[PDB]
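K.L.:
coords please:
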Amino acid sequence: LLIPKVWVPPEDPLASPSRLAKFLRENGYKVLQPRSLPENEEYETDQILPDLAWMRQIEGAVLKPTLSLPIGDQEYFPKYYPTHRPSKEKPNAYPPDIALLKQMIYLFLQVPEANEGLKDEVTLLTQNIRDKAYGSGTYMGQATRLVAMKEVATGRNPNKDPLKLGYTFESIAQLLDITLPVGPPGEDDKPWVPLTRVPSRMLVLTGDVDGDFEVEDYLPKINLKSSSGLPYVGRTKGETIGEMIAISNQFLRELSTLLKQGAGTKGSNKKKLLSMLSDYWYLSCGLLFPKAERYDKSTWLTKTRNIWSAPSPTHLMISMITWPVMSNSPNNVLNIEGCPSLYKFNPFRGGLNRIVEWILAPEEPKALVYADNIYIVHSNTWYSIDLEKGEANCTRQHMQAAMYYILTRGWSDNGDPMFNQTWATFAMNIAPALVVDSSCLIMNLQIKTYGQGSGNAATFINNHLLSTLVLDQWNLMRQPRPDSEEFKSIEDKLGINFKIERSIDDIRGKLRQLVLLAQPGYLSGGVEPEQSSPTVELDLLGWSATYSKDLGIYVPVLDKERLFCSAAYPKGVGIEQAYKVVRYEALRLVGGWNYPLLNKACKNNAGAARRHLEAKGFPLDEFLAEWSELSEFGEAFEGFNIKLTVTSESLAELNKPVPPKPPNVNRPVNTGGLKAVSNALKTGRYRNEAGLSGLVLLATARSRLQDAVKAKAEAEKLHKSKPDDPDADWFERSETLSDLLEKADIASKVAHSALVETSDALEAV
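P.N.:
Numbering: from 1, shown residues only. Sharing the structure here:
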C-alpha cells in the first residue's frame, strides 16, 4: 500500500489482575502482600496549614478551602487502572500524519526528472508510518518490560552495592566533583533557606495583604499537570498541592519527634519509628504509568516503557534536596575545563559547534556524560553508549551516595551542615528506600520495583552516578576501546549493564568533511534547500552535526531517524489548525529545515493553516506567544524567547554563538579530568573534602535509624579531635568514627543498616 490503512492494535492479553499476576508470578517477579491505607477525609485547610491561610485570601490561591487527608478510620487497598491508547476498540487515538505523506509524494512527483535522494524522504516517512504507532502500549507491554528490568537488576549481571566494592561516600563524591560539579542554592546576596524546615515553611510573606505584595517561594519546581501519585489516584499535583504539603509536614514532624525520643522509655523507640514508616508505606509506592511513545507495532505487546509515578509528598521531599542545588549548577564541558558533563547542554547558540571542536581536538581517549548516556571518543571512533535500562541497575546505596554528594557539596558551608538530622535521616536512610527497590501499583496489584523508580526526583542524578562509576572503572583499566572484552568486563565489576547503541569510525575525518561538502540551504547561502546537506549522526542527546557556511560553524540537526519518527506520528475555535502550525514549524525548526521534501511539505501544510486561521480571524500571534509549551520540542527553545518561524534569518539567530553561562561551584574542579582523580582515589589515600558534614552523614548512615542525633554528636566530637588538619585522610576518620559509633552502641549491625530497616518497615504487613 502507498497510504497504509488504519491500524487496529492487537488485543491486550494481560488486561486483567488474574492474568497479570499469573504472568509476573511465573516470571519470578515479586508480588507483595497488599497493604491498605486510610480513606481520605475532608478537612479545613486553614486548620491543617494555618501558616498558609494567607495564600487563599488572594488572587491565584491554588489552595482549596479544604483538604483530603489519608487519615480516615476505615482503610482500603488502592487501585490504578491506566487507559491505554490506541486500542483494539478505539484505534483512532493518534493517527499517522497521512496528510504530510501525501504532500511529500506530491512534491516528489512534481520534481521533473527524478531524484532518488528526495524519494528517500517519502520512503523513510512511509517506513516509519507502517512500522510504528504512537500511544501508551499495553499491560502486556508494561509487564514484559518489567521482567526485563528485573532481569537487568537480577540474573545475568546482578546489581552491586558500590560501597561493598571498595567505594566510599566521599570516594564517589570526588568523582562527581568532576563528573557532576555542583553549586550552593540561591547564589545571591540573599541565598536559600537551609534544610531545617517543613515544606509549608518554604513559603514566606511580607506584604500584609493590606500593603501591596511580597511572597518568597522556596519550594521546588513541580509539574502541576503530572499525576499526584499513590495517595490520590486520578488527581493531578495541581489539584493536590495542599495535601502534598500537609502530608510532608506531618511526616517530617513525626520523624523529628521519633528522632528526639528520650532514652529509658516504656517500649522500644525503634519499633515506634519503624511503625510510623509502615503507616506511610504508600510514600514508597509509585503508580506504574504507561509512557506514551512511538513504539514499533510488532512490539506493542512486549515493550511499553513505564514511568514510576512518585507520590507527591515523596517527590516534594526529595526535590527540596536536589532541585535547589541542581537548578543552580549549570556546570558542564562548555564552561569548565576537564568537565565531561553535558548536564544543562543545549546545541543551539553555538553549543553543538563546541562539542564538535571538542571531538576534533587530538586528545583521546575522552568521554562526555549525561545521566545514563555515555559518549566516548577512542581511536578516532565515536561511541554512543547507553546503560542497559539504566534505572534497573540502581541500588539503594547508589542513591544514598548521591544524597551524600548533594548534601556535602550543595548543603554545606565549608564543611558546615546546612541541614538538621531529620533531613539527614530522610536523605540518607529514608528517601533511598522509598524510591529504589520499593514497589509500584498497577491495577489492584502491589508489585515490586527493581532498581530505582524511573521518575523519582533523583532518577537523573542516580543514573549520572552510575555512568560516572563505569567511567571510573574505564579509567582504571587504562581506557580500553568500548568494543573490547576489557571494556565489557566493567559490567561484572559494577553490576551495571550497558551497551553500544551507535559507533562511527574516522569521526574527525567525517566531521571535517561536513565543511567541505555543505550543500546550499538556509544556513549556506540563505536559500530553500533542494538537496539535504550532509550530517554526522552523532546522536549527542539526540542531535546530529552539519556545517553552516553562513555562520562558519557546525550547527545541530535533529537525528534523522527521530525526526522522521516524529513526523510520522504527531503527539497529542480553529485550535486544530493552530496546533498544526506548531507541529509543522517545530519539525522544520528542529531539523526539518535540512531535508528538502520534509521542509517544503511542512512549510506548505503549515502555510495553509496560517491562511485558514487568517480567514477566521484567529489570534494566532497571541496563541504562539509561548509556543515552546505547545511543542514536544519546546524544551529545547524555552529560554530563547524566539518567534516560531523558519527562515535563514531565524535559523541564523538561533545558532549565533553566545557566551557559555558562568559555572557555579565551590572548590575548583581538578583540571586534570576524571582520570586524574580516578588514579588518585585508587590510592586509598584521599582527603575528606566534605568536612564535618561528611562525617555527620557517614555517621547517620552507619548508625541505627533511631540514633541520628547521637550519630551526629559522635561526628562533631571526632571532627574537633584533629584541630589542625581534620579532613586530612578520609579512610582514617572513617575507621575511627566506626569505633566511636560502636563504643556508643549506636552502630547498626553488618547486614542491618538504617536503609534495610526502613525498606522492611515499608513492606511490613
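
K.L.:
Can you give me the buried ones in stretch 40-59?
P.N.:
40, 43, 45-46, 48-49, 52, 54-55 (16 or more other C-beta atoms under 10 Å). All C-beta spots, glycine's among them, are computed from the backbone N, C-alpha and C.

K.L.:
ok, residues contacting that stretch?
P.N.:
Contact partners of stretch 40-59, identified using C-beta atoms under 8 Å, 6 or more residues apart in numbering, comprise 61-72, 200-201, 203, 205, 209, 215, 231-232, 242, 245-246, 249.

K.L.:
One more: stretch 628-638?
P.N.:
For stretch 628-638, contacts defined as C-beta under 8 Å, 6+ apart pick out 346-348, 566, 571, 579, 582-583, 586, 589-590, 624, 627, 640.

K.L.:
The contacts of stretch 40-59, buried ones only, as a PyMOL selection?
P.N.:
Buried residues among the contacts of stretch 40-59 (16+ other C-beta under 10 Å), as a PyMOL selection:
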select buried, resi 63+67+68+69+70+200+201+203+231+232+242+245+246+249
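
K.L.:
So which of the contacts of stretch 40-59 sit within strands?
P.N.:
Among those, the residues falling in strands (DSSP state E) are 66-69, 203, 205, 215.

K.L.:
Centre of this structure to the edge, which residue is at the far end?
P.N.:
residue 113 (49.0 Å; C-alpha atoms, centre = their mean).

K.L.:
if I look at that one, how far off is residue 534?
P.N.:
22 Å (C-beta to C-beta, to the nearest Å).

K.L.:
now residue 406
P.N.:
Separation of residue 406 from residue 534 (C-beta to C-beta): 43 Å.

K.L.:
all strands for the stretch 151-300 of the chain, in order.
P.N.:
203-205, 215-217, 285-290, 293-296 (DSSP state E, counting those that start in this stretch).

K.L.:
Mean neighbour count, the ones you listed: which tops it?
P.N.:
When those are scored by mean count of other C-beta atoms under 10 Å, the highest mean neighbour count falls to strand 285-290 (a mean of 26).

K.L.:
Show me what that strand is packed against.
P.N.:
Here strand 285-290 touches helix 139-153, strand 306-309, strand 439-442, going by 3 or more C-beta pairs under 8 Å, 6 or more residues apart in numbering; DSSP states H and E.

K.L.:
Please repeat the previous calculation with a cut-off of 10 Å.
P.N.:
With contacts taken as 3 or more C-beta pairs under 10 Å, 6 or more residues apart in numbering; DSSP states H and E, strand 285-290 sits against helix 139-153, strand 306-309, helix 312-326, helix 431-435, strand 439-442, strand 445-448.

K.L.:
Would you give the sheet partners of the fifth one, along with the direction of each?
P.N.:
According to DSSP bridges, strand 439-442 has the following sheet partners: strand 285-290 (parallel), strand 445-448 (antiparallel).

K.L.:
what residues does the last one touch?
P.N.:
Taking C-beta atoms under 10 Å, 6 or more residues apart in numbering as the criterion, the residues outside strand 445-448 that touch it are 17, 20-21, 24, 29-36, 77-80, 143, 146, 150, 281-282, 285, 288, 437-441, 763, 765.

K.L.:
Apply 8 Å and report the result again.
P.N.:
Residues contacting strand 445-448 (C-beta under 8 Å, 6+ apart): 17, 20-21, 24, 29-35, 77, 146, 150, 285, 288, 437, 439-441.

K.L.:
just the first one next, same as before
P.N.:
For strand 285-290, the external contacting residues (C-beta under 8 Å, 6+ apart) are 80, 82, 84, 136-138, 141-142, 146, 227, 229-230, 233, 304-311, 435, 438-442, 446-447, 449, 453, 455-456.

K.L.:
just the buried members of these?
P.N.:
Taking 16+ other C-beta under 10 Å as the criterion, what is buried in the contacts of strand 285-290 is 80, 82, 84, 136-138, 141-142, 146, 227, 229-230, 304-311, 435, 438-442, 446-447, 449, 453, 455-456.

K.L.:
Adding distance to residue 417, write the strands of the stretch 151-300 of the chain out as JSON lines.
P.N.:
Output for these, formatted as JSON lines (distance: least, C-beta to C-beta, whole Å):
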{"stretch": "strand 203-205", "distance to residue 417": "22"}
{"stretch": "strand 215-217", "distance to residue 417": "23"}
{"stretch": "strand 285-290", "distance to residue 417": "30"}
{"stretch": "strand 293-296", "distance to residue 417": "42"}
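
K.L.:
Phi and psi next, for residue 32.
P.N.:
The phi/psi pair for residue 32 (degrees, to the nearest 10) reads phi -80, psi 160.

K.L.:
Tell me if I'm right that it and residue 438 touch.
P.N.:
No: Residue 32 is not in contact with residue 438 according to C-beta atoms under 8 Å; the separation is 9.7 Å.

K.L.:
what's the domain layout of this structure?
P.N.:
Domain segmentation of the chain under curated CATH domains yields 16-84+138-330+388-455+753-765, 85-137, 331-387+456-559, 560-658, 669-752.

K.L.:
Reformat these as TSV; add distance to residue 4.
P.N.:
TSV is the format used below for the domains of the chain (distance: least, C-beta to C-beta, whole Å):
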stretch	distance to residue 4
domain 16-84+138-330+388-455+753-765	10
domain 85-137	5
domain 331-387+456-559	24
domain 560-658	10
domain 669-752	48
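
K.L.:
mind checking the end-to-end distance for stretch 455-462?
P.N.:
Counting by C-alpha to C-alpha, to the nearest Å, you get 11 Å between the two ends of stretch 455-462.

K.L.:
need the contact list for residue 674.
P.N.:
Neighbours of residue 674 in contact, by C-beta under 8 Å, 6+ apart: 175, 178-179, 338, 340, 367, 471-472, 475.

K.L.:
In the stretch 601-750 of the chain, mark out all the helices, start to finish.
P.N.:
Remark: helices assigned in the stretch 601-750 of the chain by DSSP state H, counting those that start in this stretch are 620-623, 648-655, 674-682, 691-702, 708-721, 730-743.

K.L.:
just the ones you listed: most buried one?
P.N.:
It is helix 691-702: most buried of these by mean count of other C-beta under 10 Å, with a mean of 26.

K.L.:
how far does that helix sit from the chain's center?
P.N.:
Taking C-alpha atoms, centre = their mean, to the nearest Å, one finds helix 691-702 lying 27 Å from the centre of the chain it belongs to.

K.L.:
which one is residue 492 nearest to, not counting chain neighbours?
P.N.:
Excluding the flanking residues, the one nearest residue 492 by C-beta to C-beta, 6 or more residues apart in numbering is residue 157, at 6.3 Å.

K.L.:
what's the burial count for that neighbour?
P.N.:
Residues lying near residue 157 (other C-beta atoms under 10 Å) number 19.

K.L.:
before we move on, what about residue 415?
P.N.:
18.

K.L.:
my read: it touches residue 696, true?
P.N.:
No: here residue 415 does not reach residue 696: they are 9.6 Å apart, not a contact under C-beta under 8 Å.

K.L.:
Quick test: name the residue nearest the centre of this structure.
P.N.:
Centroid check for the chain by C-alpha atoms, centre = their mean gives residue 460 as the closest residue, at 3.8 Å.

K.L.:
And the helices in the stretch 201-350 of the chain, which stretches?
P.N.:
With DSSP H, counting those that start in this stretch as the definition, the stretch 201-350 of the chain shows helices at residue ranges 241-259, 269-279, 312-326.

K.L.:
Touching the second one from outside, list them.
P.N.:
The reference is to helix 269-279. For helix 269-279, contacts defined as C-beta under 8 Å, 6+ apart pick out 254-255, 258-259, 261, 263, 430, 704-706, 757-758, 760-762, 764.

K.L.:
Of the residues you listed, which is the nearest to residue 332?
P.N.:
Nearest to residue 332 out of those is residue 430 (C-beta to C-beta; 30.6 Å).

K.L.:
Return the residues in contact with the closest one.
P.N.:
255, 277, 758.

K.L.:
Now with 6 Å, please.
P.N.:
residue 758 (C-beta atoms under 6 Å, 6 or more residues apart in numbering).

K.L.:
Same list (the helices of the stretch 201-350 of the chain) but as CSV, adding distance to residue 293.
P.N.:
Formatted as CSV, the helices of the stretch 201-350 of the chain follow (distance: least, C-beta to C-beta, whole Å):
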stretch, distance to residue 293
helix 241-259, 28
helix 269-279, 35
helix 312-326, 22
